[PDB]
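Structure file final_26.txt (compact mmCIF, N, CA and C atoms) follows.
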# COMPACT_ATOMS: atom_id res chain seq x y z
N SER E 22 117.49 87.05 113.57
CA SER E 22 116.22 86.64 114.15
C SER E 22 115.19 86.36 113.10
N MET E 23 114.19 85.59 113.49
CA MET E 23 113.12 85.38 112.62
C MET E 23 112.31 86.68 112.39
N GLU E 24 112.19 87.54 113.42
CA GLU E 24 111.43 88.81 113.29
C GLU E 24 112.12 89.70 112.16
N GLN E 25 113.45 89.74 112.21
CA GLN E 25 114.22 90.58 111.26
C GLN E 25 113.98 90.09 109.88
N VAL E 26 113.99 88.78 109.69
CA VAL E 26 113.61 88.19 108.38
C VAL E 26 112.20 88.56 107.89
N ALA E 27 111.24 88.51 108.83
CA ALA E 27 109.83 88.82 108.48
C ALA E 27 109.73 90.27 108.02
N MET E 28 110.42 91.15 108.76
CA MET E 28 110.48 92.59 108.45
C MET E 28 111.10 92.78 107.07
N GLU E 29 112.17 92.02 106.81
CA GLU E 29 112.81 92.09 105.52
C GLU E 29 111.96 91.58 104.37
N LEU E 30 111.13 90.57 104.62
CA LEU E 30 110.21 90.09 103.61
C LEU E 30 109.12 91.17 103.27
N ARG E 31 108.61 91.82 104.30
CA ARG E 31 107.64 92.99 104.21
C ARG E 31 108.29 94.08 103.35
N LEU E 32 109.54 94.43 103.63
CA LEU E 32 110.25 95.48 102.84
C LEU E 32 110.39 95.05 101.38
N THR E 33 110.75 93.79 101.15
CA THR E 33 110.83 93.27 99.83
C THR E 33 109.56 93.34 99.08
N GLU E 34 108.47 92.99 99.77
CA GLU E 34 107.18 93.05 99.12
C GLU E 34 106.74 94.54 98.86
N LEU E 35 107.05 95.42 99.78
CA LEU E 35 106.75 96.87 99.51
C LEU E 35 107.52 97.31 98.26
N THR E 36 108.81 96.90 98.16
CA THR E 36 109.65 97.24 97.03
C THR E 36 109.06 96.74 95.76
N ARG E 37 108.50 95.50 95.75
CA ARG E 37 107.79 94.97 94.59
C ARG E 37 106.64 95.86 94.17
N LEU E 38 105.84 96.24 95.15
CA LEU E 38 104.65 97.05 94.85
C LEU E 38 105.09 98.46 94.37
N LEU E 39 106.05 99.08 95.05
CA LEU E 39 106.59 100.41 94.60
C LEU E 39 107.23 100.34 93.23
N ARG E 40 107.86 99.21 92.86
CA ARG E 40 108.39 99.10 91.50
C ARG E 40 107.28 99.16 90.47
N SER E 41 106.16 98.47 90.69
CA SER E 41 105.02 98.52 89.80
C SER E 41 104.39 99.98 89.77
N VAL E 42 104.27 100.60 90.96
CA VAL E 42 103.83 102.01 91.02
C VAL E 42 104.77 102.91 90.18
N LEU E 43 106.08 102.72 90.30
CA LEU E 43 107.05 103.58 89.61
C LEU E 43 106.90 103.43 88.11
N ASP E 44 106.68 102.17 87.66
CA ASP E 44 106.50 101.93 86.26
C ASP E 44 105.30 102.56 85.71
N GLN E 45 104.22 102.52 86.46
CA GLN E 45 102.97 103.11 86.06
C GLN E 45 103.10 104.65 86.03
N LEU E 46 103.79 105.23 87.01
CA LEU E 46 103.95 106.71 87.00
C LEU E 46 104.83 107.14 85.84
N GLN E 47 105.90 106.41 85.55
CA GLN E 47 106.80 106.78 84.52
C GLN E 47 106.16 106.64 83.12
N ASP E 48 105.17 105.75 83.00
CA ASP E 48 104.40 105.72 81.76
C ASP E 48 103.60 106.96 81.48
N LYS E 49 103.26 107.71 82.52
CA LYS E 49 102.60 108.96 82.39
C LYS E 49 103.51 110.12 81.97
N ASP E 50 104.74 109.77 81.62
CA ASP E 50 105.78 110.75 81.16
C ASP E 50 106.33 110.22 79.88
N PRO E 51 105.47 110.19 78.84
CA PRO E 51 106.01 109.53 77.64
C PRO E 51 107.09 110.32 76.92
N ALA E 52 107.15 111.64 77.16
CA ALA E 52 108.24 112.44 76.62
C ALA E 52 109.62 112.23 77.33
N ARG E 53 109.63 111.45 78.44
CA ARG E 53 110.86 111.21 79.21
C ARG E 53 111.51 112.48 79.76
N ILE E 54 110.66 113.47 80.04
CA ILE E 54 111.13 114.74 80.60
C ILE E 54 111.71 114.55 81.99
N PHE E 55 111.18 113.57 82.71
CA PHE E 55 111.58 113.35 84.14
C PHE E 55 112.42 112.09 84.33
N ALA E 56 112.89 111.48 83.26
CA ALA E 56 113.62 110.26 83.32
C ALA E 56 114.95 110.29 83.97
N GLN E 57 115.67 111.42 83.83
CA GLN E 57 117.04 111.53 84.28
C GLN E 57 117.26 112.84 85.08
N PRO E 58 118.32 112.91 85.88
CA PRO E 58 118.64 114.20 86.53
C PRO E 58 118.83 115.34 85.63
N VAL E 59 118.33 116.50 85.98
CA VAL E 59 118.67 117.73 85.25
C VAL E 59 120.21 117.82 85.20
N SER E 60 120.75 117.97 83.98
CA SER E 60 122.20 118.04 83.75
C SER E 60 122.85 119.39 84.23
N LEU E 61 123.83 119.33 85.12
CA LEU E 61 124.42 120.53 85.65
C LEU E 61 125.43 121.04 84.67
N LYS E 62 125.84 120.19 83.71
CA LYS E 62 126.60 120.75 82.55
C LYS E 62 125.74 121.66 81.73
N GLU E 63 124.52 121.23 81.39
CA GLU E 63 123.54 122.00 80.60
C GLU E 63 122.68 123.12 81.31
N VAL E 64 122.49 122.95 82.62
CA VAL E 64 121.82 123.94 83.45
C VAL E 64 122.73 124.22 84.66
N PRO E 65 123.83 125.00 84.43
CA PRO E 65 124.83 125.13 85.49
C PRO E 65 124.37 125.83 86.77
N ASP E 66 123.36 126.67 86.70
CA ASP E 66 122.81 127.35 87.87
C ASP E 66 121.75 126.50 88.61
N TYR E 67 121.51 125.24 88.22
CA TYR E 67 120.27 124.59 88.70
C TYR E 67 120.18 124.53 90.25
N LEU E 68 121.29 124.24 90.89
CA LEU E 68 121.29 124.01 92.33
C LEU E 68 121.17 125.32 93.10
N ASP E 69 121.31 126.47 92.41
CA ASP E 69 121.00 127.74 93.01
C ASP E 69 119.47 127.88 93.19
N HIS E 70 118.71 127.19 92.32
CA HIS E 70 117.25 127.30 92.29
C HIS E 70 116.64 126.14 93.09
N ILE E 71 117.08 124.94 92.84
CA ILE E 71 116.45 123.70 93.32
C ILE E 71 117.43 123.01 94.29
N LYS E 72 116.98 122.96 95.53
CA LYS E 72 117.88 122.40 96.54
C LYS E 72 117.92 120.89 96.67
N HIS E 73 116.82 120.19 96.26
CA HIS E 73 116.76 118.78 96.33
C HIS E 73 116.25 118.26 94.92
N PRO E 74 117.15 118.19 93.97
CA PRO E 74 116.78 117.63 92.65
C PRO E 74 116.29 116.16 92.77
N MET E 75 115.39 115.78 91.85
CA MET E 75 114.91 114.41 91.83
C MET E 75 114.50 114.07 90.40
N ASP E 76 114.50 112.79 90.14
CA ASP E 76 114.12 112.26 88.79
C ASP E 76 113.82 110.75 88.90
N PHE E 77 113.27 110.15 87.85
CA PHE E 77 112.88 108.79 87.96
C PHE E 77 114.07 107.80 88.07
N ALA E 78 115.20 108.10 87.42
CA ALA E 78 116.35 107.19 87.54
C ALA E 78 116.92 107.16 88.94
N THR E 79 116.92 108.31 89.59
CA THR E 79 117.42 108.45 90.95
C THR E 79 116.47 107.69 91.87
N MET E 80 115.16 107.79 91.64
CA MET E 80 114.20 107.01 92.48
C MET E 80 114.38 105.50 92.30
N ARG E 81 114.65 105.10 91.08
CA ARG E 81 114.79 103.68 90.78
C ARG E 81 116.03 103.14 91.52
N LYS E 82 117.10 103.91 91.56
CA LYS E 82 118.32 103.51 92.32
C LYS E 82 117.98 103.30 93.81
N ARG E 83 117.26 104.25 94.38
CA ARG E 83 116.88 104.13 95.78
C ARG E 83 115.95 102.93 95.96
N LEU E 84 115.01 102.76 95.08
CA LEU E 84 114.08 101.64 95.19
C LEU E 84 114.80 100.29 95.21
N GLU E 85 115.72 100.12 94.28
CA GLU E 85 116.40 98.82 94.12
C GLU E 85 117.39 98.50 95.22
N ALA E 86 117.82 99.48 95.98
CA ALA E 86 118.52 99.29 97.19
C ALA E 86 117.55 99.09 98.37
N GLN E 87 116.27 98.82 98.08
CA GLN E 87 115.23 98.89 99.16
C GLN E 87 115.30 100.07 100.11
N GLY E 88 115.51 101.28 99.55
CA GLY E 88 115.66 102.46 100.31
C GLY E 88 114.39 103.25 100.64
N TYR E 89 113.22 102.75 100.19
CA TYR E 89 111.95 103.35 100.63
C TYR E 89 111.32 102.46 101.75
N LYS E 90 111.24 103.01 102.92
CA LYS E 90 110.65 102.23 104.08
C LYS E 90 109.13 102.15 104.06
N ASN E 91 108.47 103.12 103.42
CA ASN E 91 107.03 103.22 103.40
C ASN E 91 106.65 104.03 102.14
N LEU E 92 105.37 104.02 101.81
CA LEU E 92 104.87 104.75 100.63
C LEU E 92 105.08 106.27 100.77
N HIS E 93 104.96 106.83 101.95
CA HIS E 93 105.16 108.27 102.18
C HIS E 93 106.52 108.74 101.66
N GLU E 94 107.56 107.99 101.94
CA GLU E 94 108.93 108.34 101.48
C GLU E 94 109.02 108.38 99.93
N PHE E 95 108.40 107.41 99.28
CA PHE E 95 108.32 107.27 97.83
C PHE E 95 107.53 108.46 97.27
N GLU E 96 106.38 108.73 97.83
CA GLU E 96 105.61 109.92 97.39
C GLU E 96 106.34 111.23 97.56
N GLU E 97 107.13 111.37 98.61
CA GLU E 97 107.91 112.59 98.82
C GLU E 97 108.81 112.85 97.59
N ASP E 98 109.51 111.80 97.15
CA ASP E 98 110.44 111.87 96.00
C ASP E 98 109.62 112.18 94.73
N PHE E 99 108.49 111.50 94.53
CA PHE E 99 107.69 111.84 93.32
C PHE E 99 107.22 113.29 93.31
N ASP E 100 106.78 113.75 94.45
CA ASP E 100 106.36 115.16 94.54
C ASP E 100 107.53 116.11 94.28
N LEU E 101 108.77 115.78 94.66
CA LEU E 101 109.93 116.59 94.34
C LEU E 101 110.13 116.76 92.83
N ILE E 102 109.91 115.66 92.13
CA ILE E 102 110.06 115.71 90.66
C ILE E 102 109.14 116.80 90.12
N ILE E 103 107.86 116.75 90.51
CA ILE E 103 106.83 117.67 90.01
C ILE E 103 107.06 119.09 90.50
N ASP E 104 107.25 119.20 91.83
CA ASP E 104 107.35 120.51 92.41
C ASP E 104 108.61 121.27 91.96
N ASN E 105 109.73 120.61 91.79
CA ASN E 105 111.00 121.24 91.34
C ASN E 105 110.74 121.81 89.92
N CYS E 106 110.07 121.00 89.09
CA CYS E 106 109.82 121.45 87.70
C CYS E 106 108.94 122.63 87.64
N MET E 107 107.87 122.66 88.45
CA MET E 107 106.89 123.74 88.44
C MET E 107 107.47 125.04 89.04
N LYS E 108 108.57 124.95 89.77
CA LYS E 108 109.24 126.16 90.23
C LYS E 108 110.26 126.67 89.17
N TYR E 109 111.10 125.79 88.66
CA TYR E 109 112.16 126.22 87.76
C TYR E 109 111.66 126.68 86.42
N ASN E 110 110.59 126.02 85.96
CA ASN E 110 110.03 126.33 84.65
C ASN E 110 108.78 127.16 84.72
N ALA E 111 108.54 128.08 83.79
CA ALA E 111 107.33 128.89 83.76
C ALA E 111 106.13 128.12 83.29
N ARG E 112 104.96 128.61 83.63
CA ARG E 112 103.68 128.04 83.20
C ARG E 112 103.49 127.74 81.74
N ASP E 113 104.08 128.55 80.87
CA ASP E 113 103.92 128.44 79.43
C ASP E 113 104.92 127.45 78.75
N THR E 114 105.52 126.56 79.52
CA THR E 114 106.55 125.73 78.98
C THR E 114 106.08 124.32 78.90
N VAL E 115 106.69 123.57 77.96
CA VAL E 115 106.38 122.15 77.82
C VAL E 115 106.78 121.38 79.09
N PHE E 116 107.81 121.85 79.80
CA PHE E 116 108.24 121.20 81.04
C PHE E 116 107.21 121.33 82.13
N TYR E 117 106.76 122.57 82.41
CA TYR E 117 105.72 122.78 83.45
C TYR E 117 104.49 121.96 83.15
N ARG E 118 104.06 122.06 81.87
CA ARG E 118 102.82 121.39 81.47
C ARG E 118 102.96 119.87 81.65
N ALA E 119 104.13 119.34 81.35
CA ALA E 119 104.36 117.89 81.53
C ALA E 119 104.20 117.50 83.00
N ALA E 120 104.74 118.34 83.88
CA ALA E 120 104.61 118.11 85.30
C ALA E 120 103.18 118.13 85.78
N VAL E 121 102.37 119.08 85.29
CA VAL E 121 100.97 119.11 85.68
C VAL E 121 100.28 117.79 85.29
N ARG E 122 100.53 117.35 84.06
CA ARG E 122 99.85 116.17 83.52
C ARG E 122 100.31 114.93 84.30
N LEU E 123 101.60 114.89 84.65
CA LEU E 123 102.14 113.77 85.47
C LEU E 123 101.52 113.73 86.86
N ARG E 124 101.41 114.90 87.51
CA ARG E 124 100.77 115.01 88.79
C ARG E 124 99.30 114.52 88.71
N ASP E 125 98.59 114.96 87.71
CA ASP E 125 97.16 114.66 87.63
C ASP E 125 96.92 113.19 87.39
N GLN E 126 97.68 112.64 86.46
CA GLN E 126 97.56 111.23 86.12
C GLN E 126 98.13 110.33 87.18
N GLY E 127 99.17 110.75 87.87
CA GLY E 127 99.82 109.91 88.89
C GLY E 127 98.95 109.79 90.14
N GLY E 128 98.12 110.80 90.37
CA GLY E 128 97.21 110.89 91.53
C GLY E 128 96.36 109.64 91.65
N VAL E 129 95.83 109.20 90.51
CA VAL E 129 94.95 108.03 90.42
C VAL E 129 95.69 106.74 90.88
N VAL E 130 96.92 106.62 90.40
CA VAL E 130 97.80 105.47 90.64
C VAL E 130 98.14 105.45 92.13
N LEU E 131 98.54 106.61 92.63
CA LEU E 131 98.90 106.72 94.04
C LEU E 131 97.76 106.51 95.04
N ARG E 132 96.55 106.92 94.66
CA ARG E 132 95.36 106.68 95.48
C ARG E 132 95.16 105.17 95.72
N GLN E 133 95.31 104.34 94.67
CA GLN E 133 95.07 102.92 94.85
C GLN E 133 96.28 102.24 95.52
N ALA E 134 97.49 102.74 95.25
CA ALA E 134 98.67 102.26 95.92
C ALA E 134 98.55 102.36 97.42
N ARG E 135 98.04 103.47 97.89
CA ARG E 135 97.87 103.67 99.32
C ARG E 135 96.87 102.65 99.91
N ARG E 136 95.77 102.43 99.23
CA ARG E 136 94.81 101.42 99.67
C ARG E 136 95.48 100.03 99.74
N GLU E 137 96.27 99.64 98.72
CA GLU E 137 97.00 98.35 98.68
C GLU E 137 98.05 98.19 99.77
N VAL E 138 98.81 99.25 100.00
CA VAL E 138 99.78 99.23 101.06
C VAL E 138 99.13 99.00 102.42
N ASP E 139 98.08 99.76 102.73
CA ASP E 139 97.24 99.56 103.96
C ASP E 139 96.55 98.18 104.01
N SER E 140 95.90 97.83 102.90
CA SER E 140 95.19 96.54 102.80
C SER E 140 96.12 95.34 103.07
N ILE E 141 97.15 95.14 102.24
CA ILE E 141 98.15 94.05 102.45
C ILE E 141 98.99 94.25 103.73
N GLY E 142 99.05 95.47 104.26
CA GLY E 142 99.86 95.81 105.44
C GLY E 142 101.29 96.04 105.02
Taking this structure as input, can you express it in the form of structure tokens?
Amino acid sequence: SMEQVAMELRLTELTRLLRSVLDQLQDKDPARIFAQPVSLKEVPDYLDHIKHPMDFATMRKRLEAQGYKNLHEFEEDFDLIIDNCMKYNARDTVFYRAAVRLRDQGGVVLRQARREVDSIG
């Protein structure tokens, strides 16, 4: 149908905008602490602690399959990255601190993303 096509064009355009958001958030992680999944070879107990692991490469895979239907779904995954780190790692660690800085800096990016998503529809 033509409606299905229009819906698909909307999803494509959301994916475009979320790709730019993802790039901007990942720039706020210049140490690449959140770039890849926590290695279960190197942290073998991780899944005992963290039930839903997340990282930027995993988000990018979902994004490129057009697997985010709306900004809320995308934000859920970004918040997992931050929140998982702040639980597994203590306050005095470079990992926790990186997560705080990512959260604080990403907030600005996400605030305008939400306005754009609503504005363009």
Near range 119-137 of chain E, 6.5 Å: range 35-55 of chain E residue rows, closest pairs, all atoms listed in the file, as a tab-separated table:
residue	atom	partner	partner_atom	distance
E:46	CA	E:127	CA	5.6
E:49	C	E:123	CA	5.2
E:50	N	E:123	CA	6.1
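Nearest residue to residue 87 in chain E among E:35, E:56, E:51, E:23 is E:35, counting only N, CA and C atoms.
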Atom N of residue 79 in chain E to atom N of residue 30 in chain E: how many Å, to one decimal?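 Atom N of residue 79 in chain E sits 24.0 Å away from atom N of residue 30 in chain E.
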Where does DSSP see helix (DSSP H, G or I) in chain E, if you list the residues as a ChimeraX atom specification? /E:23-48,67-70,77-85,92-109,115-141
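Nearest residue to residue 47 in chain E, choosing from E:110, E:96, E:59, E:77 and counting only N, CA and C atoms: E:77.
When atom C of residue 75 in chain E is paired with atom N of residue 103 in chain E, their separation reads 7.2 Å.
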Around (111.6, 110.1, 95.5) in the file's own coordinates, what residues are found within 8 Å if you use only C-alpha atoms, given back as a ChimeraX atom specification? /E:75-77,79-80,83,94-102
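Here the question is which of E:36, E:140, E:60, E:114 gets nearest to residue 90 in chain E using only N, CA and C atoms, and that residue is E:36.
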For residue 108 in chain E, find every residue with an atom within 10 Å (counting only C-alpha atoms), except residues of its own chain fewer than 5 positions away, and show them as a list in words. residues 70, 71, 103 and 117 of chain E
Provide the atom C of residue 31 in chain E to atom C of residue 89 in chain E distance in Å, to one decimal place.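 Rounded to one decimal, the two atoms are 9.1 Å apart.
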Padding 4 Å on every side, please: axis-aligned box over the listed atoms of range 43-52 of chain E, centre and edge lengths to one decimal in Å, as JSON.
{"center_x": 106.1, "center_y": 107.2, "center_z": 83.5, "size_x": 15.0, "size_y": 18.5, "size_z": 21.7}
